[PDB]
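In: pasting the first chains of the complex, positions unchanged:
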Amino acid sequence: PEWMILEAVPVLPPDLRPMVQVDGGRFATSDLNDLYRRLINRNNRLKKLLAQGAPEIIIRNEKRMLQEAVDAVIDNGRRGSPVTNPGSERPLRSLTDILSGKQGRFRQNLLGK
């Protein structure tokens, strides 16, 4: 029942994509990362924000961040985590609607070769 978690595990390759010109626009970036970040930052701010004695209330309210922060790389299925925050917009490619989902990667590279 090692379903409890203590070490999410994201790769890095897929992202480090850089400048695209022609016609009329350039500049270049990726997602899953800025999506990833959410995590580490928290899981990092937790530790250093406890060691300096952050009594009760605070502690949980934070920590849990990781939890929520974990339902990140995983599946955005609840309230959402739009980019452009506040940003009333698009859905962070969190293995939902894309990668593993349907018609994004799986339904794509299985036959849509």
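Out: Done, it's in. Numbers count the residues shown, from 1 in each chain, chains lettered A, B, ... in the order given.

In: and residue A:86, how far is that from residue A:80?
Out: 12 Å (CB to CB, to the nearest Å). (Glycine included, C-beta is placed from N, CA and C.)

In: secondary structure class for the most centrally placed residue in chain A?
Out: Residue closest to the average C-alpha location in chain A (CA atoms, centre = their mean): residue A:35, at 2.8 Å. Following DSSP: H, G, I helix; E, B strand; the rest coil, residue A:35 is assigned to helix.

In: that one touches residue A:74, doesn't it?
Out: No: with contacts counted by CB atoms under 8 Å, residue A:35 stays clear of residue A:74, the gap being 10.1 Å.

In: higher neighbour count, residue A:86 and residue A:80?
Out: A direct count of neighbours by other CB atoms under 10 Å for residue A:86 and residue A:80 places residue A:80 higher, at 13 against 6.

In: show the backbone phi and psi for the more buried one.
Out: When quoted as degrees, to the nearest 10, the phi and psi of residue A:80 stand at phi 100, psi 160.

In: could I get the contacting residues of it?
Out: A:91-92 (CB atoms under 8 Å, 6 or more residues apart in numbering).

In: now for residue A:35 and residue A:74: what residues contact both?
Out: With CB under 8 Å, 6+ apart, residue A:35 and residue A:74 have common neighbours residue A:94.

In: go ahead and add chain B:
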Amino acid sequence: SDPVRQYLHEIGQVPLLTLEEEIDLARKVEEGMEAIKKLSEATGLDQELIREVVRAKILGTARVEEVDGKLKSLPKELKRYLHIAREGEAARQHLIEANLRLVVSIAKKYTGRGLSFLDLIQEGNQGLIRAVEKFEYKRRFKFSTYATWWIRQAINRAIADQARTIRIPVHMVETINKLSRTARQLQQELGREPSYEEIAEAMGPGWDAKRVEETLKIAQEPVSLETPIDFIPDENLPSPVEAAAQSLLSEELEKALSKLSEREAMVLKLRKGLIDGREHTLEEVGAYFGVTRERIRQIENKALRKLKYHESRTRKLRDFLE
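Out: Below, chain B sits with the chains from the block before:
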């Protein structure tokens, strides 16, 4: 609905403090690290061990105990210091619990720049943890809105530290806000979106145009939105046809080197570094290959020609394009 409401309930459920209860409790911290400093230099615990290792114990709602050991063997000059530090251990008891609510109502401002209301509390709230602490109990202004700074100033240091940007020292945000407010400044006082060089004057020393452009070329919040519309293709990393035109040129040379003499072929191999990758000098080639450079240098050029001469009469001058 955000999980904030959950916290917003636990936070605004417990009352703050009266007024005199703010200081009375604080003074316990002073003599806290002080009375703990007694044992600090006493055995050399740097006054941070006895406290940090005990504040854990103070948080007896969760871990350790340990240190007490020697703190009970208390000599004839001790037992009073046992309670003092345990009465002072109450210094880290109630304080810190009130403010949690007092702050939040501040983060309602930075509801934009970066980090959602919920993450901003982490930074904002944590600033209180440090600021609570270095409170000059002396002054007669009493804790309150005076903490707001530590919070907000820790919030600005937060939004700076964290943003969909790579690395932002106050070297660009404070400057981009400039050209921004400046471009927006000249704007209302002109009518058209001012150029880049036109802003140079607005700024000053060293502020030409190139630099004004280098800044708004790094970031603010662009770096694309990431993935709209595998929003973009392209390629050329391990080129397919290339890695195939590679083995050719090589195997091709092996053939183009067939009509060669060992006292020249190998001479070339090692020389230009074809054997493995050792671009051995002409000395290493001369040592092993006995004879001193003389006839060797000639064998060197003896090649080239005998290697180019065999080309114009038989194509292969196309392998160069790859």
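
In: wait, the residue nearest to the centre of chain A sits on residue A:81?
Out: Yes: if you go by CB under 8 Å, residue A:35 and residue A:81 touch, sitting 7.3 Å apart.

In: what touches both of these two?
Out: A:72, A:92, A:94 (CB atoms under 8 Å, 6 or more residues apart in numbering or on different chains).

In: any chance of CSV for the residues you listed, columns distance to chain B, secondary structure and neighbour count?
Out: Shown next, in CSV, are the shared contacts of residue A:35 and residue A:81 (distance: CB to the nearest CB, whole Å; DSSP: H, G, I helix; E, B strand; the rest coil; neighbours: other CB atoms under 10 Å in any protein chain shown):
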residue, distance to chain B, secondary structure, neighbour count
A:72, 12, coil, 22
A:92, 9, coil, 22
A:94, 11, coil, 24
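
In: okay, those residues in a markdown table with distance to residue B:148 next?
Out: A markdown table is the format used below for the shared contacts of residue A:35 and residue A:81 (distance: CB to CB, whole Å):
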| residue | distance to residue B:148 |
| --- | --- |
| A:72 | 31 |
| A:92 | 33 |
| A:94 | 36 |
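
In: who in the stretch 51-200 of chain B is up against chain A?
Out: Proximity of the stretch 51-200 of chain B to chain A (CB under 8 Å from any CB of the partner chain) is limited to residues B:55, B:59, B:61, B:92, B:96-97, B:100, B:111-112, B:114-116, B:118-119, B:121-123, B:125-126, B:129-130, B:162, B:164.
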